[PDB]
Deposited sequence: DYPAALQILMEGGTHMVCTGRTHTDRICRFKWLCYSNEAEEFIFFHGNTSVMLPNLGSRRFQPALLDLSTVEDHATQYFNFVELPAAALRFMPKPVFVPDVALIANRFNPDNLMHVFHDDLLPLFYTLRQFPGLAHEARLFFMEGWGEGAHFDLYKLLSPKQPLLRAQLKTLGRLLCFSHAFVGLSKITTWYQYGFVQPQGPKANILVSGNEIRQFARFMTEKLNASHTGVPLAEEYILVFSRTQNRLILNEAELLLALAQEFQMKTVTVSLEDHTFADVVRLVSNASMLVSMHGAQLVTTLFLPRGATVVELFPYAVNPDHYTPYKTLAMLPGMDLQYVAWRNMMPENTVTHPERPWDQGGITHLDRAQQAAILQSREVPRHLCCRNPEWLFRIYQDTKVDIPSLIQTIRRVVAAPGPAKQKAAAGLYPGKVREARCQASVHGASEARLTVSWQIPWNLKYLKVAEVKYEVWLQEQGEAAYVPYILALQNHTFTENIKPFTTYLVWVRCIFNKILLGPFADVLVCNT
């Protein structure tokens, strides 16, 4: 069987068919893709069955073939290969073949829980399921060059096979060749960009809703075997960015909301226990931090209470607000900001990577201490940002209660979210009553899917443009047959668009335009 595989590779060569016309949305299916551990290069061997789709010519290096990580076209996570004739294998080491179908990708930061879930686990979960036979067969190959990291058990939940790191590759041989490998990750589940070009914030076009997040959450909960009574869950930290009056907070929350209030920690609980506690929590209170990505495990109707330290504007750092407020998550979000400079504890003497500022000159650390709000900045090591985000915080309990109370009246515990179809049989007809004046009648049938729906509010939006103007003019209607008279001139061509709306915000598609003459 090995002689056959070596024969197929040397005669047939590498085969490549890729998704997408751009490198930022490209996932490639490879057959007989090779990797040289010596040169640290992927190899496309040209044989007599080789296909290279897309065939980019010199554009394969403008900038590369695809992105290996989901942090958009990052200069350090590009994938590419070098080309060789399949006959060149005669001067190369006898290749070692990986029989398992493989998914090759790069983890952005295996040590940060937010990056792990947002950049890796969620894209991996659904990139697997994009292609048949991957979700239960594929072996993950991480090539970014990091170690197992602080959360390697979570990656193992995806795939029934042990993932491989790049360092483990050289052990197997000088020349590996994957009989069947997929390369790249979908960006479709991401909702946040970290701020390499403009300040960090939500993505402009989020293509994932709360339902897709939750289906992933239930999968992870099942693979973790973790599938008073009501309680408020306070997500404590143990190393840095602490809540100094945690005990006072627990009692005040428990008294104000008449609910058991309980702490959880990443350092003192197993992650399966963390998920189990978050899955049933009616409210999640936490300082801004990577542990708040567990928001995706919260049940429908829960409330997220994110605490921000002194001088940190909540509107500038919204990865957990964006996740909690996604359509379909059915979560409430509350942000609280420490405005009281005596309720904060700074640590200017720590290393630079955890907020220290003594590496800066005297005037700059003074301007930082005097600043009352962190300015907008870019990734990744803004000293004022690191200095303020790594403070310790004494929470002013009265103001926190008042801020949560603007949203909550006892922390809550169904489904919805359908869009209309097109209206059908849209017709128009004009008439000229009495003295000189036009009447435009528009009618239609309900969308075909409304026959089987129960919608609290069904409306129809009619868009009524004059032949060649900037007119449109809005109309929201409940009926399906309307006659317009005001501002309807005779001997005029009117274009009419009709769409149906469920519950004010679920806008259906427009039907074909109606041309109507008065």
Item to check | Missing C-alpha runs, given along the deposited sequence, first residue counted as 1 | outcome: 228-233, 420-423
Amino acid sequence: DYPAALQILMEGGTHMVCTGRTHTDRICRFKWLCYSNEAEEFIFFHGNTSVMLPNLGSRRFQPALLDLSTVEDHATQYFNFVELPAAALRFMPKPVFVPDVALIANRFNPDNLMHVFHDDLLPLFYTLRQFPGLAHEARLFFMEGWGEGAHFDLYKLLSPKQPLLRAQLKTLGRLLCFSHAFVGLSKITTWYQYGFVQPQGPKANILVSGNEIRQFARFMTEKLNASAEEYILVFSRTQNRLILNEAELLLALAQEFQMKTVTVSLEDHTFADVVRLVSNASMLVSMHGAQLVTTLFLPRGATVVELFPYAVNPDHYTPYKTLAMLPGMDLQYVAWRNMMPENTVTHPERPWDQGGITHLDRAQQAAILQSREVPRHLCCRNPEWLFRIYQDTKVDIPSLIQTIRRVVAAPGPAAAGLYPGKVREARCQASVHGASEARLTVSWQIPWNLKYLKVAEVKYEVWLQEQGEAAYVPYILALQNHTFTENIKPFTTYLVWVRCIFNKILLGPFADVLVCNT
From here on, numbers count along this sequence of modelled residues.
Checklist outcome for this item: For 165-173 versus 443-451, entry-based mean Cα B-factors point to 165-173
Item to check | 418-426 or 83-91, whichever carries the higher mean Cα B-factor | outcome: 83-91
Checklist outcome for this item: Listed options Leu386, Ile104, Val305, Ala438: highest C-alpha B factor recorded at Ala438
Checklist outcome for this item: Reading the B-factor column for Cα atoms of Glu212, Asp315, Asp119, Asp100, the highest value belongs to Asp100
Item to check | Third of the chain, ranked by Cα B-factor, where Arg406 sits | outcome: highest
Checklist outcome for this item: For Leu158, the third of its chain by CA B-factor is the highest
Checklist entry - Mind checking which third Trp463 falls in for C-alpha B-factor across the chain? => result highest
Next on the checklist: Using only modelled residues of the chain, where does the Cα B factor of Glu222 rank: lowest third, middle third or highest third?
Outcome noted: middle
Checklist entry - How does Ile505 rank on Cα B-factor within its chain, lowest, middle or highest third? => result highest
